[PDB]
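*Asks:* What follows is a structure written as structure tokens; I'll ask about it next.
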There are 4 protein chains.
Amino acid sequence: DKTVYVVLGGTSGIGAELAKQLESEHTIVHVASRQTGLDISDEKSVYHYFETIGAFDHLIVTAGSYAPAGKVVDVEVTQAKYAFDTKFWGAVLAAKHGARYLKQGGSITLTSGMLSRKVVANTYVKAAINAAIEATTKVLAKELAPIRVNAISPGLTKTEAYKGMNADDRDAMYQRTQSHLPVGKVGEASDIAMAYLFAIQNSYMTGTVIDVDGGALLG
Amino acid sequence: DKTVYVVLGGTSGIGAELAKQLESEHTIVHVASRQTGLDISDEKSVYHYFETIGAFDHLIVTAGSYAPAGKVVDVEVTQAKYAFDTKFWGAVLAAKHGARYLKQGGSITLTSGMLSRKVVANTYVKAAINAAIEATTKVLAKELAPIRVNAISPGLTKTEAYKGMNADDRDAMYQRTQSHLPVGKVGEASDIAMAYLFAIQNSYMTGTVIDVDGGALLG
Amino acid sequence: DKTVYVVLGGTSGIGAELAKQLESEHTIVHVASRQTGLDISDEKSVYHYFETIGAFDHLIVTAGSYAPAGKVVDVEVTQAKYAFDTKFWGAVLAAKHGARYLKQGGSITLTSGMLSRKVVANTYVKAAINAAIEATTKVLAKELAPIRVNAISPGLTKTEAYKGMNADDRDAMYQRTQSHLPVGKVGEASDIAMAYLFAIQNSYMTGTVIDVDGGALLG
Amino acid sequence: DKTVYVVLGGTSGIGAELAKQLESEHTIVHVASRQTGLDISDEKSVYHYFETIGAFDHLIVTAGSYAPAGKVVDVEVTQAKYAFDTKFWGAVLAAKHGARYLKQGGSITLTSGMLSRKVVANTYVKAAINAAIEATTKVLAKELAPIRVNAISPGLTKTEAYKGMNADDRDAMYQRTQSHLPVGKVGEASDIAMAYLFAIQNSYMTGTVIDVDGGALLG
Ligand SMILES: NC(=O)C1=CN([C@@H]2O[C@H](COP(=O)(O)OP(=O)(O)OC[C@H]3O[C@@H](n4cnc5c(N)ncnc54)[C@H](OP(=O)(O)O)[C@@H]3O)[C@@H](O)[C@H]2O)C=CC1
Ligand SMILES: NC(=O)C1=CN([C@@H]2O[C@H](COP(=O)(O)OP(=O)(O)OC[C@H]3O[C@@H](n4cnc5c(N)ncnc54)[C@H](OP(=O)(O)O)[C@@H]3O)[C@@H](O)[C@H]2O)C=CC1
Ligand SMILES: NC(=O)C1=CN([C@@H]2O[C@H](COP(=O)(O)OP(=O)(O)OC[C@H]3O[C@@H](n4cnc5c(N)ncnc54)[C@H](OP(=O)(O)O)[C@@H]3O)[C@@H](O)[C@H]2O)C=CC1
Ligand SMILES: NC(=O)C1=CN([C@@H]2O[C@H](COP(=O)(O)OP(=O)(O)OC[C@H]3O[C@@H](n4cnc5c(N)ncnc54)[C@H](OP(=O)(O)O)[C@@H]3O)[C@@H](O)[C@H]2O)C=CC1
């Protein structure tokens with residue numbers, strides 16, 4: 001029978017691109033997010049979601065690109081916690097309730113981001129979330145073995161994550177990046193998708209965080 | 001003009017030992033926690049606390065030793081969020097409202113723990129919290145400069161943190177650790193206190209995480 | 001028109017498997033090592049090797065699986081230095097003289113190994129070599145941009161690397177690993193080759209070290 | 001029965017400052033370098049040296065500040081290997097022959113430097129050396145237990161290490177760093193020496209790398 005994928009966050013950006021690349025005659029690709037009725041921050045919603053999916057092979061979580069920007073002294077802690085509730089706690093909830101459905105040879109692939117390790121002013125919420133994701137990924141890899149668990153850590157990537165910026169501001173952001181990254185380009189969703197596919201396919205990889213950040217971490 | 005310290009969590013274990021060591025004729029040492037009326041997880045309570053203290057030199061946070069032990073698939077997420085609310089968000093709140101009172105030459109020293117980087121089954125809450133603390137320590141060091149910000153990362157230390165274990169259990173934990181660690185002993189509070197004093201004293205250290213873990217990280 | 005690859009160490013184990021996977025109607029794959037007349041430890045030999053190849057697209061270095069095992073206090077430093085001359089200095093020399101031949105879109109992929117970061121008694125030579133490779137990889141990524149530079153860090157993989165072992169001891173080594181790694185198998189060369197293909201393919205990745213170690217780093 | 005220190009590299013800069021601070025009525029401090037007849041890169045010289053000293057308590061190695069600056073593609077590999085021979089292999093040799101003379105409760109403290117982990121163009125030799133030192137430090141901590149083994153990782157410090165610079169360019173270097181660093185100053189030898197004293201003093205620390213870099217790693 002077909003290999004079955006669940007992509008929480010697969011309705012937009014990196015997750016949607018991955019889901020697109022995963023579709024074939026030999027696969028079933030489920031995507032879900034708030035717009036499909038799933039709130040990954042909500043434990044009951046996640047629990048009942050997997051109940052309806054049943055046994056599957058690979059879980060990928062890309063949900064939750066929002067975080068309040070700003071200095072620690074200025075950021076509203078309520079908004080920071082909200083951000084944590086989706087990206088961090090949502091991944092925890094997805095693993096907690098999804099793992100029991102994973103078939104032999106399956107895996108979980110979470111998402112962090114280079115701010116876990118690139119120290120940048122005004123980014124503590126993103127950095128803390130990503131650091132937590134990477135640590136939890138490794139604990140999960142140990143606890144769920146032989147189910148494999150890894151994380152992809154993207155650098156700046158052109159997606160809907162930035163649909164709320166003024167378009168000119170967005171372009172200037174992309175251009176600054178292009179101009180200062182060693183690779184001399186901004187990431188495309190398909191560049192990041194490739195890394196999830198690699199984690200999914202490699203039966204000798206678990207507890208790993210794969211950076212795809214155009215050299216951003218090199219400072 | 002005495003040097004003024006604030007130790008949030010200074011009423012027990014590691015904080016208490018440090019507070020004791022900071023006491024002198026040329027210092028004033030404030031300690032606080034729930035038993036003195038400070039709930040570090042409550043923003044208005046933290047704000048009130050620093051209003052009562054006024055200008056001071058060094059802030060140290062050791063508060064929040066609790067975390068629900070167990071596998072990701074077994075741990076109660078409400079309890080996990082509770083732990084985060086004290087140790088992680090408490091540290092965030094303490095920096096956020098304490099920073100403006102720090103005098104020239106001042107510092108903030110937070111507390112993580114070797115589980116940020118030592119991967120151990122059944123410890124995701126502690127590991128995630130400590131990873132978040134370490135990432136946030138570094139962002140703070142960048143944002144609050146020239147105020148210095150560092151973190152102490154302890155290994156197993158004999159304190160009231162374990163007061164709620166089956167006494168048979170705790171002794172077994174202590175003996176097994178003493179048996180397996182390169183240094184052949186469990187940590188004493190004074191060993192860890194020494195590290196805060198070092199962070200406080202060193203005008204050339206910021207953004208650093210100091211491990212005092214008896215070699216546990218070496219596996 | 002065709003994409004040209006150079007694999008130094010491509011005559012055995014991981015390098016040979018990679019070279020086999022790179023072969024196609026669209027590519028030209030060159031492999032080299034001592035048995036083909038290239039000693040990667042010898043600067044003149046390396047310099048003259050690249051003259052004979054001319055312009056190419058991707059350099060991969062897997063050469064040098066040997067290192068004297070044993071405690072720091074016991075290991076013959078002369079033999080330790082010999083191991084460095086091939087695997088570490090070899091990589092340096094290949095980058096130093098090969099870089100100027102790399103076409104637009106090109107990349108260098110080096111090889112380290114999990115012992116860079118998994119602390120194991122009796123392995124200081126392998127650990128130090130791998131640590132040096134990973135650091136040099138990142139410096140190279142910055143210096144050679146937009147040429148991309150990454151490293152693959154393998155865990156235990158069944159190859160000719162262990163041809164010097166008694167066959168029974170080797171089977172037992174493999175089995176102890178299979179029995180204890182989270183993924184419950186020993187690495188095959190094709191599992192590691194997959195990672196080099198990924199690094200070659202991803203135009204948004206540079207300065208990255210990719211672990212494919214079956215979970216060994218999780219301890 | 002006084003406590004005996006050996007500081008290889010103790011005739012200049014950081015090592016000399018530490019030697020000065022170690023002097024006491026209850027200590028004996030030995031310093032040594034080429035100018036005293038110890039060439040730490042030469043195994044028989046190192047062996048001879050420890051025969052002359054006999055049983056002692058704490059070994060500190062600061063020897064070998066030199067390295068050829070420049071890009072991988074430009075640096076003379078002979079000079080690069082010379083740098084490794086002193087700072088890296090010298091530390092290896094010192095531990096190898098010094099370890100057997102270490103009294104109960106003793107320790108080894110080595111020196112790396114922030115470039116192990118801060119990626120900077122034109123620094124591969126220093127970066128690789130320091131990465132190798134940090135990895136070897138941890139292996140030694142495991143192998144020599146209960147002897148404790150740690151390393152200090154300095155950032156820019158005002159010492160004789162920069163004597164060979166055009167006194168104009170050296171001032172440019174100091175001033176530029178003072179203005180870029182979070183702590184707003186260049187390191188003084190005493191700042192770094194403090195960290196060795198802390199490693200020597202702490203019976204619960206081993207396998208640890210202590211950064212004292214004024215925030216350089218924060219980027
Ligand atoms: N693009 C970049 O520059 C970077 C990307 N990333 C990380 O990669 C991941 C994906 O990023 P990206 O594809 O660009 O983001 P997008 O904004 O394009 O997509 C975000 C997705 O998350 C879903 N989502 C948000 N909240 C919830 C929720 N409460 N429950 C269920 N689904 C939710 C969204 O759908 P819906 O609104 O319907 O819920 C959407 O499908 C994120 O973790 C992001 O932080 C990391 C670093 C850099
Ligand atoms: N001991 C060990 O083996 C390890 C220690 N640590 C870490 O070191 C730090 C201190 O540990 P330790 O000294 O052993 O802990 P203790 O359990 O001895 O002390 C904890 C302190 O935190 C205070 N506290 C708890 N909750 C709050 C709150 N909501 N608001 C204000 N204060 C609070 C407590 O006082 P009160 O109840 O009155 O609020 C108490 O003063 C912790 O971060 C811990 O995780 C890290 C790794 C290993
Ligand atoms: N297999 C494993 O378990 C592990 C593998 N690795 C690393 O991966 C890399 C490759 O491993 P593996 O494929 O298994 O090793 P193999 O021993 O199968 O192959 C090693 C290759 O290096 C070549 N070589 C050795 N010395 C020189 C030299 N002086 N000049 C040119 N070529 C040389 C060999 O060919 P020739 O004899 O003709 O020179 C051979 O092609 C190594 O860096 C190794 O340390 C890392 C960790 C785990
Ligand atoms: N100052 C800085 O900005 C930084 C310092 N450091 C590191 O700290 C350590 C010390 O630095 P620093 O004190 O400034 O350097 P110094 O140049 O002041 O001192 C170097 C010492 O090493 C000795 N030495 C050199 N070669 C040998 C040898 N072959 N055998 C025995 N001894 C030798 C020298 O004496 P002699 O000539 O008699 O041999 C001298 O005592 C080094 O590892 C350095 O890399 C790390 C990062 C930044």
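Chains: A, B, ... in order of the structure tokens. Residues: from 1 per chain. Ligands: from 1, in order shown.
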How would you write, as a PDB file with C-alpha atoms, in the first residue's frame, the set of residues no farther than 6 Å from ligand 2 when counting only C-alpha atoms and all ligand atoms?

*Replies:*
ATOM      1  CA  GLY B   9      15.633  31.836  44.240  1.00  0.00           C
ATOM      2  CA  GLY B  10      18.137  32.796  46.945  1.00  0.00           C
ATOM      3  CA  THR B  11      16.061  31.195  49.690  1.00  0.00           C
ATOM      4  CA  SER B  12      17.034  27.611  48.813  1.00  0.00           C
ATOM      5  CA  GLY B  13      19.732  25.337  47.382  1.00  0.00           C
ATOM      6  CA  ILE B  14      22.219  26.956  45.030  1.00  0.00           C
ATOM      7  CA  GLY B  15      20.849  30.487  45.324  1.00  0.00           C
ATOM      8  CA  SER B  33      10.965  33.730  46.105  1.00  0.00           C
ATOM      9  CA  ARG B  34       7.339  32.744  46.714  1.00  0.00           C
ATOM     10  CA  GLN B  35       7.946  32.434  50.448  1.00  0.00           C
ATOM     11  CA  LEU B  38       7.781  37.055  44.893  1.00  0.00           C
ATOM     12  CA  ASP B  39       6.243  34.853  42.229  1.00  0.00           C
ATOM     13  CA  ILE B  40       8.748  35.188  39.383  1.00  0.00           C
ATOM     14  CA  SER B  41       6.193  33.681  36.959  1.00  0.00           C
ATOM     15  CA  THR B  62      18.236  30.349  40.270  1.00  0.00           C
ATOM     16  CA  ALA B  63      14.449  30.062  40.751  1.00  0.00           C
ATOM     17  CA  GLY B  64      12.471  27.137  39.364  1.00  0.00           C
ATOM     18  CA  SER B  65      14.031  23.707  39.905  1.00  0.00           C
ATOM     19  CA  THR B  86       8.651  29.732  36.345  1.00  0.00           C
ATOM     20  CA  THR B 111      20.766  29.351  35.412  1.00  0.00           C
ATOM     21  CA  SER B 112      20.377  26.577  32.853  1.00  0.00           C
ATOM     22  CA  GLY B 113      21.590  22.989  33.409  1.00  0.00           C
ATOM     23  CA  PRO B 154      24.996  22.976  36.855  1.00  0.00           C
ATOM     24  CA  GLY B 155      25.195  19.211  36.935  1.00  0.00           C
ATOM     25  CA  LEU B 156      23.593  17.157  39.707  1.00  0.00           C
ATOM     26  CA  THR B 157      23.874  19.082  42.972  1.00  0.00           C
ATOM     27  CA  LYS B 158      22.745  18.055  46.472  1.00  0.00           C
ATOM     28  CA  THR B 159      19.964  20.531  47.311  1.00  0.00           C
ATOM     29  CA  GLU B 160      16.334  20.787  48.434  1.00  0.00           C
ATOM     30  CA  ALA B 161      15.476  20.450  44.731  1.00  0.00           C
TER      31      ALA B 161
END

*Asks:* If we count only C-alpha atoms, which residues of chain A reach to within 6 Å of chain B? Please list them as a count of residues only.

*Replies:* 13

*Asks:* Using DSSP secondary structure from the backbone, list all alpha helix (DSSP H) positions within region 140-185 of chain A, as a tab-separated table (two decimals) with N, CA and C atoms, in the first residue's frame.

*Replies:*
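states00.tsv written:
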chain	number	residue	atom	x	y	z
A	140	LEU	N	13.40	13.28	21.75
A	140	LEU	CA	12.45	12.44	21.00
A	140	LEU	C	13.14	11.34	20.21
A	141	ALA	N	14.25	11.68	19.54
A	141	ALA	CA	14.97	10.69	18.74
A	141	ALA	C	15.42	9.53	19.63
A	142	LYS	N	15.83	9.83	20.85
A	142	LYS	CA	16.23	8.78	21.77
A	142	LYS	C	15.01	7.99	22.28
A	143	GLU	N	13.94	8.69	22.65
A	143	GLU	CA	12.77	8.04	23.23
A	143	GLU	C	11.94	7.23	22.24
A	144	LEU	N	11.89	7.65	20.97
A	144	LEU	CA	10.98	7.01	20.02
A	144	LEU	C	11.67	5.98	19.13
A	167	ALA	N	5.40	45.39	0.79
A	167	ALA	CA	6.11	44.68	-0.28
A	167	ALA	C	7.50	45.24	-0.58
A	168	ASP	N	7.66	46.56	-0.45
A	168	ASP	CA	8.95	47.21	-0.71
A	168	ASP	C	9.93	46.86	0.39
A	169	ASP	N	9.45	46.90	1.63
A	169	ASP	CA	10.26	46.49	2.76
A	169	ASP	C	10.70	45.04	2.57
A	170	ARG	N	9.79	44.20	2.08
A	170	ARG	CA	10.09	42.78	1.90
A	170	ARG	C	11.18	42.60	0.85
A	171	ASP	N	11.02	43.27	-0.29
A	171	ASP	CA	12.02	43.23	-1.34
A	171	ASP	C	13.40	43.69	-0.85
A	172	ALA	N	13.43	44.74	-0.05
A	172	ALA	CA	14.70	45.26	0.44
A	172	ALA	C	15.32	44.27	1.43
A	173	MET	N	14.47	43.53	2.14
A	173	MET	CA	14.94	42.49	3.05
A	173	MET	C	15.58	41.34	2.25
A	174	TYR	N	14.86	40.85	1.24
A	174	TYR	CA	15.37	39.80	0.38
A	174	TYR	C	16.69	40.24	-0.27
A	175	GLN	N	16.74	41.48	-0.75
A	175	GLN	CA	17.92	41.96	-1.46
A	175	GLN	C	19.12	42.09	-0.53
A	176	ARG	N	18.89	42.55	0.69
A	176	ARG	CA	19.98	42.70	1.65
A	176	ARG	C	20.59	41.32	1.88
A	177	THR	N	19.71	40.36	2.14
A	177	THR	CA	20.11	38.96	2.28
A	177	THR	C	20.94	38.48	1.09
A	178	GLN	N	20.34	38.47	-0.10
A	178	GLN	CA	21.06	38.09	-1.30
A	178	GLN	C	22.46	38.71	-1.31
A	179	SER	N	22.55	39.99	-0.97
A	179	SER	CA	23.81	40.74	-1.09
A	179	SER	C	24.85	40.37	-0.04
A	180	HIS	N	24.42	39.83	1.09
A	180	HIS	CA	25.35	39.53	2.18
A	180	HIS	C	25.52	38.04	2.52

*Asks:* Using every Cα, in order, as the fitting set, what is the least-squares RMSD of chain C against chain A?

*Replies:* 0.2 Å

*Asks:* Using only C-alpha atoms, can you tell me which of C:151, C:216, C:59, C:69 comes closest to residue 8 (chain C)?

*Replies:* C:59

*Asks:* Take CA of residue 102 (chain B) and CA of residue 148 (chain B) and report the distance between them in Å, one decimal.

*Replies:*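 Interatomic distance, CA of residue 102 (chain B) to CA of residue 148 (chain B): 10.3 Å.
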